[PDB]
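These notes are about the structure you will find just below.
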Amino acid sequence: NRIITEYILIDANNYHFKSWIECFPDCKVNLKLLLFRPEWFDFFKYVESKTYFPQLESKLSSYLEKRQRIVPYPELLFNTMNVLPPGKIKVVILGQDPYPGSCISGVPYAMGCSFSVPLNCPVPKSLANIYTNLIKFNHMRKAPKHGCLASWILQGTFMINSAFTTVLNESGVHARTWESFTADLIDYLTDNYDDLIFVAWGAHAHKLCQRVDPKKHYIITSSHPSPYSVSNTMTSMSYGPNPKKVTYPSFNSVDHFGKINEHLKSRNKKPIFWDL
């Protein structure tokens, strides 16, 4: 019933998405119905055949039975995938958990994309720090007044949270729930596509990016842009035959988007315009 801008370019003052209990009045959670982009059906067909998948829909249904306010709303749950078919992904930026907060009016900040928030919401501090980094390395001259990343995602920036849901006003309460789904999503992308760019901000995203073959794909690692880590180095477990903690630079010292640009250009791929 909608076109893509209606899902990805969201206005908090004109927010008509149904909540979970409205889409599933009888708690009959059906994640497949939340995926509007046909190029993902093959991946989804692989995921429903796994034994964890009924467990996932069971846990979500149980949260609805207890009347928990799951965010983001289900028409936004798979937002980044509904914008981007897998064959059009150029950069994967992992978040951890969705924003738990909301506007005065009850519009959630979570919109099914990592780091992004609807128009006419406050810019979260992590995202402000990302903008600061873009300004510092000459990719942008002034911070946008909003926090809506529709522009980057439409151009192939696959910005998802490894935990696709949380509960309104509670941080990270569904961290185990999505781990197998997200692992299969990462594995699907790295098995079927080549020379993606993975951006690992923080130790959790870095663990996830060590599922990825670093000779087949390009992995960029630093600390997280949140104010608690933006200007400090990060220590993160480097897995393998001889596991050891390694130190990675602070977020605000790395030219993340310059590095994305140079890698895309070195493979003759179309660039991403960060400012527009």
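Order determines the names: the first chain of the structure tokens is A, the second B, and so forth; residues in each chain are numbered 1 upward, and ligands are numbered 1 upward as they are shown.
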At a cut-off of 7 Å, can you tabulate as JSON lines every residue of region 98-180 of chain A near region 77-89 of chain A together with its closest atom pair and the distance in Å to one decimal, using only C-alpha atoms and ordering rows by chain then number?
{"residue": "A:112", "atom": "CA", "partner": "A:77", "partner_atom": "CA", "distance": 4.9}
{"residue": "A:113", "atom": "CA", "partner": "A:80", "partner_atom": "CA", "distance": 5.8}
{"residue": "A:153", "atom": "CA", "partner": "A:80", "partner_atom": "CA", "distance": 7.0}
{"residue": "A:154", "atom": "CA", "partner": "A:83", "partner_atom": "CA", "distance": 6.5}
{"residue": "A:156", "atom": "CA", "partner": "A:89", "partner_atom": "CA", "distance": 4.7}
{"residue": "A:157", "atom": "CA", "partner": "A:89", "partner_atom": "CA", "distance": 6.4}
{"residue": "A:158", "atom": "CA", "partner": "A:89", "partner_atom": "CA", "distance": 6.0}
{"residue": "A:159", "atom": "CA", "partner": "A:80", "partner_atom": "CA", "distance": 6.5}
{"residue": "A:160", "atom": "CA", "partner": "A:80", "partner_atom": "CA", "distance": 6.6}
{"residue": "A:164", "atom": "CA", "partner": "A:77", "partner_atom": "CA", "distance": 6.9}
Pull N, CA and C atoms from the residues just selected and write them as a PDB file, in the first residue's frame.
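As a result, out-v9.pdb now contains:
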ATOM      1  N   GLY A 112      13.725   0.643  12.858  1.00  0.00           N
ATOM      2  CA  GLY A 112      14.135  -0.504  12.080  1.00  0.00           C
ATOM      3  C   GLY A 112      15.429  -0.322  11.332  1.00  0.00           C
ATOM      4  N   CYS A 113      16.176   0.728  11.646  1.00  0.00           N
ATOM      5  CA  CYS A 113      17.496   1.005  11.103  1.00  0.00           C
ATOM      6  C   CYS A 113      18.410   1.310  12.267  1.00  0.00           C
ATOM      7  N   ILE A 153      20.761   4.906   3.394  1.00  0.00           N
ATOM      8  CA  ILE A 153      20.257   3.550   3.238  1.00  0.00           C
ATOM      9  C   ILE A 153      19.790   3.329   1.816  1.00  0.00           C
ATOM     10  N   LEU A 154      19.130   4.334   1.223  1.00  0.00           N
ATOM     11  CA  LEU A 154      18.678   4.211  -0.163  1.00  0.00           C
ATOM     12  C   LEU A 154      19.839   3.992  -1.127  1.00  0.00           C
ATOM     13  N   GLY A 156      22.515   2.143  -0.495  1.00  0.00           N
ATOM     14  CA  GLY A 156      23.185   0.888  -0.245  1.00  0.00           C
ATOM     15  C   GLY A 156      23.887   0.753   1.092  1.00  0.00           C
ATOM     16  N   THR A 157      23.623   1.636   2.055  1.00  0.00           N
ATOM     17  CA  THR A 157      24.156   1.480   3.402  1.00  0.00           C
ATOM     18  C   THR A 157      23.174   0.630   4.214  1.00  0.00           C
ATOM     19  N   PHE A 158      23.561  -0.614   4.501  1.00  0.00           N
ATOM     20  CA  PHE A 158      22.689  -1.593   5.163  1.00  0.00           C
ATOM     21  C   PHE A 158      22.870  -1.455   6.673  1.00  0.00           C
ATOM     22  N   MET A 159      22.060  -0.606   7.278  1.00  0.00           N
ATOM     23  CA  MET A 159      22.222  -0.227   8.678  1.00  0.00           C
ATOM     24  C   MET A 159      21.153  -0.950   9.475  1.00  0.00           C
ATOM     25  N   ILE A 160      21.536  -2.057  10.110  1.00  0.00           N
ATOM     26  CA  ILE A 160      20.629  -2.851  10.926  1.00  0.00           C
ATOM     27  C   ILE A 160      21.178  -2.948  12.348  1.00  0.00           C
ATOM     28  N   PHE A 164      16.892  -7.044  16.701  1.00  0.00           N
ATOM     29  CA  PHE A 164      15.924  -6.281  15.929  1.00  0.00           C
ATOM     30  C   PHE A 164      14.844  -5.617  16.773  1.00  0.00           C
TER      31      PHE A 164
END
Non-local contacts of region 246-258 of chain A (12 Å; only C-alpha atoms; under 4 positions in same chain excluded) as a PyMOL selection string | chain A and resi 91+93+126-140+152+157+197-203+206-207+219-239+242+262-265+271-275
Just to be explicit: take each residue in the selection above, keep C-alpha atoms, and write the result as a CSV table (one decimal), in the first residue's frame.
chain,number,residue,atom,x,y,z
A,91,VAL,CA,28.2,-1.3,3.3
A,93,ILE,CA,26.8,-0.9,9.6
A,126,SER,CA,25.9,8.7,18.9
A,127,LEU,CA,24.5,10.0,15.7
A,128,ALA,CA,25.6,13.5,16.5
A,129,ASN,CA,29.1,12.1,16.9
A,130,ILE,CA,28.9,10.3,13.5
A,131,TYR,CA,27.9,13.7,11.9
A,132,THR,CA,30.9,15.3,13.8
A,133,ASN,CA,33.2,12.7,12.2
A,134,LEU,CA,31.7,13.3,8.7
A,135,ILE,CA,32.4,17.1,9.2
A,136,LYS,CA,35.9,16.5,10.5
A,137,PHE,CA,36.9,14.5,7.4
A,138,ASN,CA,35.3,16.9,4.9
A,139,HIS,CA,32.4,14.6,3.9
A,140,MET,CA,29.8,17.1,5.2
A,152,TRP,CA,22.4,6.7,3.1
A,157,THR,CA,24.2,1.5,3.4
A,197,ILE,CA,32.3,-3.3,3.4
A,198,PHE,CA,31.6,-4.1,7.1
A,199,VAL,CA,31.9,-1.2,9.6
A,200,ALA,CA,32.4,-2.4,13.2
A,201,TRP,CA,31.8,0.3,15.8
A,202,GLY,CA,32.4,-1.2,19.2
A,203,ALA,CA,33.3,-4.6,20.5
A,206,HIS,CA,33.4,-6.4,15.9
A,207,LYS,CA,32.6,-9.9,17.3
A,219,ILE,CA,36.2,-4.8,7.7
A,220,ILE,CA,36.7,-1.3,9.3
A,221,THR,CA,36.9,-1.3,13.1
A,222,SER,CA,37.0,1.3,15.8
A,223,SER,CA,35.4,2.2,19.1
A,224,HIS,CA,31.7,3.1,19.3
A,225,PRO,CA,30.5,6.7,18.6
A,226,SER,CA,28.5,6.9,21.8
A,227,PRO,CA,29.9,9.7,24.1
A,228,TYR,CA,31.2,7.1,26.5
A,229,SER,CA,33.6,5.6,24.0
A,230,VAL,CA,33.9,8.1,21.0
A,231,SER,CA,37.3,9.5,21.9
A,232,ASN,CA,38.9,6.4,23.6
A,233,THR,CA,40.5,3.4,21.9
A,234,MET,CA,38.7,0.1,22.2
A,235,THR,CA,39.9,-3.3,23.3
A,236,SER,CA,38.2,-6.3,21.6
A,237,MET,CA,38.8,-10.0,21.5
A,238,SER,CA,40.4,-11.1,18.2
A,239,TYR,CA,39.2,-14.7,17.8
A,242,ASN,CA,45.3,-17.9,19.4
A,262,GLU,CA,38.3,4.7,-1.1
A,263,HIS,CA,37.4,1.0,-1.1
A,264,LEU,CA,34.3,1.5,-3.3
A,265,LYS,CA,36.4,3.6,-5.7
A,271,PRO,CA,30.1,5.9,-4.5
A,272,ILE,CA,27.9,6.9,-1.6
A,273,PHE,CA,27.0,10.6,-1.3
A,274,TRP,CA,26.9,11.2,2.5
A,275,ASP,CA,25.9,14.8,2.4
From the list A:162, A:260, A:111, A:181, which residue is nearest residue 150 (chain A) when using only C-alpha atoms?
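Using only C-alpha atoms, residue 150 (chain A) sits closest to A:111.
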For residue 19 (chain A), the closest of A:173, A:121, A:183, A:64 counting only C-alpha atoms is A:64
List every residue of region 17-264 of chain A that DSSP, applied to the backbone of this structure, assigns to strand (DSSP E or B), and report them as number ranges by chain.
A: 70-71, 91-95, 102, 108, 119, 157-161, 166-167, 170, 197-201, 218-222, 234-238, 244-248
I'd like the neighbourhood of residue 106 (chain A) as a compact mmCIF listing (two decimals) with N, CA, C and O atoms, in the first residue's frame, where a residue qualifies if any of its atoms comes within 12 Å (using only C-alpha atoms), though same-chain residues fewer than 4 positions away should be ignored.
# COMPACT_ATOMS: atom_id res chain seq x y z
N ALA A 12 7.84 12.07 12.69
CA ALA A 12 7.22 11.78 13.98
C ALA A 12 5.88 12.49 14.15
O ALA A 12 4.99 11.97 14.82
N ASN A 13 5.71 13.68 13.55
CA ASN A 13 4.43 14.38 13.60
C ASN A 13 3.35 13.76 12.72
O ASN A 13 2.20 14.16 12.82
N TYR A 15 2.82 10.05 12.04
CA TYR A 15 3.29 8.69 12.31
C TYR A 15 2.07 7.79 12.46
O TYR A 15 1.39 7.82 13.49
N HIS A 16 1.79 6.97 11.45
CA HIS A 16 0.56 6.18 11.45
C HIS A 16 0.81 4.68 11.43
O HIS A 16 -0.10 3.91 11.13
N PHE A 17 2.02 4.24 11.79
CA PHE A 17 2.30 2.82 11.83
C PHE A 17 1.57 2.18 13.00
O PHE A 17 1.44 2.76 14.07
N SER A 19 1.02 -0.51 16.04
CA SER A 19 1.84 -1.22 17.01
C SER A 19 1.71 -2.73 16.82
O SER A 19 0.91 -3.22 16.02
N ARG A 69 5.37 -3.44 25.02
CA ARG A 69 5.39 -2.50 23.90
C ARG A 69 6.69 -2.67 23.12
O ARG A 69 7.66 -1.92 23.26
N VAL A 71 9.32 -2.39 20.29
CA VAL A 71 9.74 -1.39 19.31
C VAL A 71 10.90 -2.00 18.53
O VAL A 71 11.62 -2.86 19.07
N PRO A 72 11.10 -1.66 17.25
CA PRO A 72 10.21 -0.80 16.45
C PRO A 72 8.90 -1.51 16.10
O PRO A 72 8.82 -2.72 16.31
N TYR A 73 7.91 -0.77 15.60
CA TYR A 73 6.64 -1.35 15.19
C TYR A 73 6.84 -2.29 14.01
O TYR A 73 7.84 -2.19 13.29
N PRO A 100 15.58 2.65 22.85
CA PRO A 100 14.41 2.35 23.70
C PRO A 100 13.49 3.54 23.89
O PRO A 100 12.35 3.35 24.34
N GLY A 101 13.95 4.75 23.57
CA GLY A 101 13.23 5.96 23.92
C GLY A 101 12.12 6.30 22.95
O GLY A 101 11.93 5.65 21.92
N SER A 102 11.36 7.35 23.30
CA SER A 102 10.26 7.81 22.47
C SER A 102 10.10 9.32 22.64
O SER A 102 10.62 9.91 23.59
N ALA A 110 12.99 4.14 17.72
CA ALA A 110 13.37 3.00 16.89
C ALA A 110 12.55 2.97 15.60
O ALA A 110 11.31 3.09 15.63
N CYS A 121 12.46 14.27 15.55
CA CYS A 121 12.92 13.68 16.80
C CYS A 121 14.26 14.29 17.17
O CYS A 121 14.99 14.78 16.30
N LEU A 168 9.77 -0.72 24.69
CA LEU A 168 9.80 0.72 24.91
C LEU A 168 10.28 1.04 26.32
O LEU A 168 9.79 0.46 27.30
N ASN A 169 11.23 1.97 26.42
CA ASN A 169 11.80 2.47 27.67
C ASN A 169 12.62 1.42 28.42
O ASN A 169 12.91 1.62 29.61
In Å to one decimal, how far is CA of residue 90 (chain A) from CA of residue 213 (chain A)?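 Computing the Euclidean distance for CA of residue 213 (chain A) and CA of residue 90 (chain A) yields 15.7 Å.
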Residue nearest residue 29 (chain A) - candidates A:14, A:58, A:161, A:51, atoms counted: only C-alpha atoms:
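For residue 29 (chain A), the nearest of the given residues is A:58.
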